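Trainee: The following block contains the structure, expressed as structure tokens.
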Amino acid sequence: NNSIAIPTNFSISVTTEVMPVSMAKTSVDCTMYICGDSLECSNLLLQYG
Amino acid sequence: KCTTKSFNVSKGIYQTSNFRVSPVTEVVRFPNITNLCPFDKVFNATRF
Ligand SMILES: *[C@@H]1O[C@H](CO)[C@@H](O[C@@H]2O[C@H](CO)[C@@H](O)[C@H](O)[C@H]2NC(C)=O)[C@H](O)[C@H]1NC(C)=O
Ligand SMILES: *[C@@H]1O[C@H](CO)[C@@H](O)[C@H](O)[C@H]1NC(C)=O
């Protein structure tokens, strides 16, 4: 109840902090992925347009 | 206009689908065999 600790010296430290900000933007083509460059498949994809 | 399906586009950049190329000519490659198959000696035999 009558004791206190007080520092007598210090130190300067440098700390690194890594944070992501953005990721890879991506685009997807519907006709190339679904229908393998075929005209018969693309005539049925229009109903799913 | 076909990709956005709206007949009307505002300001910006858009990615479009493929409507450019179309095939016009056909290529057929087959091995050159001329021996007619023995359909007469198999289907119409003397005794099945
Ligand atoms: C705090 O600690 C540092 C070392 O981390 C002490 O720095 C020294 O200070 C003396 C003079 O006081 C210099 O001659 C030395 O060159 C310093 N560096 C070293 C590595 O000895 C400093 O004195 C300390 N402070 C205190 C105990 O009050
Ligand atoms: C495109 O937008 C204009 C301006 O709003 C409008 O008048 C026009 O009818 C639209 N075009 C078609 C083909 O609908």
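Naming works like this for the structure tokens: A, B, ... for the chains as they're shown, residue 1 at the start of each chain, ligands 1 onward in shown order.
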Compile the contact shell of segment 32-45 of chain A as a PyMOL selection string: residues with an atom at most 12 Å away, counting only C-alpha atoms, same-chain residues fewer than 3 positions apart removed.
Mentor: (chain A and resi 27-29+48-49) or (chain B and resi 16-19+21-23)
Trainee: Just to be explicit: take each residue in the selection above, keep N, CA, C and O atoms, and write the result as a PDB file, in the first residue's frame.
Mentor:
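Dumped to part15.pdb:
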ATOM      1  N   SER A  27     -12.446 -10.986 -64.514  1.00  0.00           N
ATOM      2  CA  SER A  27     -13.571 -10.949 -65.434  1.00  0.00           C
ATOM      3  C   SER A  27     -13.786 -12.338 -66.017  1.00  0.00           C
ATOM      4  O   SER A  27     -12.830 -13.085 -66.247  1.00  0.00           O
ATOM      5  N   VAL A  28     -15.049 -12.684 -66.249  1.00  0.00           N
ATOM      6  CA  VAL A  28     -15.430 -14.004 -66.740  1.00  0.00           C
ATOM      7  C   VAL A  28     -16.315 -13.829 -67.965  1.00  0.00           C
ATOM      8  O   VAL A  28     -17.288 -13.069 -67.928  1.00  0.00           O
ATOM      9  N   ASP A  29     -15.976 -14.525 -69.048  1.00  0.00           N
ATOM     10  CA  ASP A  29     -16.803 -14.545 -70.247  1.00  0.00           C
ATOM     11  C   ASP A  29     -17.739 -15.746 -70.194  1.00  0.00           C
ATOM     12  O   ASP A  29     -17.299 -16.876 -69.967  1.00  0.00           O
ATOM     13  N   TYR A  48     -30.996 -18.779 -71.280  1.00  0.00           N
ATOM     14  CA  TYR A  48     -30.353 -18.474 -70.011  1.00  0.00           C
ATOM     15  C   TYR A  48     -29.710 -17.092 -70.003  1.00  0.00           C
ATOM     16  O   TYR A  48     -28.885 -16.810 -69.125  1.00  0.00           O
ATOM     17  N   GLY A  49     -30.076 -16.229 -70.956  1.00  0.00           N
ATOM     18  CA  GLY A  49     -29.404 -14.952 -71.144  1.00  0.00           C
ATOM     19  C   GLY A  49     -29.496 -14.005 -69.966  1.00  0.00           C
ATOM     20  O   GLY A  49     -28.587 -13.191 -69.771  1.00  0.00           O
TER      21      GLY A  49
ATOM     22  N   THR B  16     -16.930  -6.947 -73.613  1.00  0.00           N
ATOM     23  CA  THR B  16     -17.906  -7.490 -74.544  1.00  0.00           C
ATOM     24  C   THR B  16     -17.602  -8.952 -74.850  1.00  0.00           C
ATOM     25  O   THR B  16     -16.477  -9.428 -74.681  1.00  0.00           O
ATOM     26  N   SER B  17     -18.631  -9.658 -75.311  1.00  0.00           N
ATOM     27  CA  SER B  17     -18.513 -11.070 -75.651  1.00  0.00           C
ATOM     28  C   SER B  17     -17.961 -11.210 -77.069  1.00  0.00           C
ATOM     29  O   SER B  17     -17.513 -10.243 -77.690  1.00  0.00           O
ATOM     30  N   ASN B  18     -17.987 -12.429 -77.601  1.00  0.00           N
ATOM     31  CA  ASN B  18     -17.443 -12.720 -78.920  1.00  0.00           C
ATOM     32  C   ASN B  18     -18.576 -12.799 -79.935  1.00  0.00           C
ATOM     33  O   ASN B  18     -19.475 -13.638 -79.807  1.00  0.00           O
ATOM     34  N   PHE B  19     -18.526 -11.926 -80.944  1.00  0.00           N
ATOM     35  CA  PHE B  19     -19.481 -11.962 -82.044  1.00  0.00           C
ATOM     36  C   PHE B  19     -18.801 -11.689 -83.381  1.00  0.00           C
ATOM     37  O   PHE B  19     -19.480 -11.328 -84.349  1.00  0.00           O
ATOM     38  N   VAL B  21     -15.856 -13.559 -85.278  1.00  0.00           N
ATOM     39  CA  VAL B  21     -15.436 -14.578 -86.232  1.00  0.00           C
ATOM     40  C   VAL B  21     -16.523 -15.632 -86.377  1.00  0.00           C
ATOM     41  O   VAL B  21     -17.317 -15.877 -85.464  1.00  0.00           O
ATOM     42  N   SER B  22     -16.555 -16.265 -87.552  1.00  0.00           N
ATOM     43  CA  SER B  22     -17.501 -17.319 -87.875  1.00  0.00           C
ATOM     44  C   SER B  22     -16.867 -18.205 -88.936  1.00  0.00           C
ATOM     45  O   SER B  22     -16.225 -17.683 -89.859  1.00  0.00           O
ATOM     46  N   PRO B  23     -17.018 -19.524 -88.842  1.00  0.00           N
ATOM     47  CA  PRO B  23     -16.404 -20.405 -89.841  1.00  0.00           C
ATOM     48  C   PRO B  23     -17.158 -20.366 -91.159  1.00  0.00           C
ATOM     49  O   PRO B  23     -18.377 -20.183 -91.202  1.00  0.00           O
TER      50      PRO B  23
END
Trainee: Taking only chain B into account, list the residues labelled helix (DSSP H, G or I) by DSSP (computed from the backbone), as a PyMOL selection string.
Mentor: chain B and resi 40-43
Trainee: Keeping N, CA, C and O atoms for every residue in the selection just given, could you write it to a file as a PDB file, in the first residue's frame?
Mentor:
ATOM      1  N   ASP B  40     -22.173 -59.047 -97.479  1.00  0.00           N
ATOM      2  CA  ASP B  40     -22.872 -60.148 -98.130  1.00  0.00           C
ATOM      3  C   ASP B  40     -22.503 -61.493 -97.516  1.00  0.00           C
ATOM      4  O   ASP B  40     -23.352 -62.386 -97.421  1.00  0.00           O
ATOM      5  N   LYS B  41     -21.250 -61.659 -97.099  1.00  0.00           N
ATOM      6  CA  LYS B  41     -20.789 -62.924 -96.548  1.00  0.00           C
ATOM      7  C   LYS B  41     -21.085 -63.078 -95.064  1.00  0.00           C
ATOM      8  O   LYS B  41     -20.824 -64.148 -94.506  1.00  0.00           O
ATOM      9  N   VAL B  42     -21.617 -62.050 -94.414  1.00  0.00           N
ATOM     10  CA  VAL B  42     -21.969 -62.098 -93.001  1.00  0.00           C
ATOM     11  C   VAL B  42     -23.481 -62.099 -92.806  1.00  0.00           C
ATOM     12  O   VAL B  42     -24.025 -62.959 -92.113  1.00  0.00           O
ATOM     13  N   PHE B  43     -24.176 -61.137 -93.417  1.00  0.00           N
ATOM     14  CA  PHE B  43     -25.623 -61.042 -93.253  1.00  0.00           C
ATOM     15  C   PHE B  43     -26.338 -62.188 -93.957  1.00  0.00           C
ATOM     16  O   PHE B  43     -27.200 -62.851 -93.368  1.00  0.00           O
TER      17      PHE B  43
END
Trainee: Nearest to ligand 2 among B:36, B:24, B:9, B:2, with distances taken over only C-alpha atoms and all ligand atoms: which residue is it?
Mentor: B:9
Trainee: Within 7 Å of ligand 1, counting only C-alpha atoms and all ligand atoms, which protein or nucleic acid residues do you find, written as a ChimeraX atom specification?
Mentor: /A:8-10
Trainee: Set the cut-off to 9 Å, count only C-alpha atoms and all ligand atoms, and list whatever residues fall near ligand 2 as a PyMOL selection string.
Mentor: chain B and resi 6-9
Trainee: Just how far from atom CA of residue 1 of chain B is atom CA of residue 13 of chain B, in Å to one decimal?
Mentor: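 Distance reported for this atom pair: 12.7 Å.
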Trainee: So how far away is atom CA of residue 28 of chain B from atom CA of residue 31 of chain A, in Å?
Mentor: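 Computed distance, atom CA of residue 31 of chain A to atom CA of residue 28 of chain B, equals 26.1 Å.
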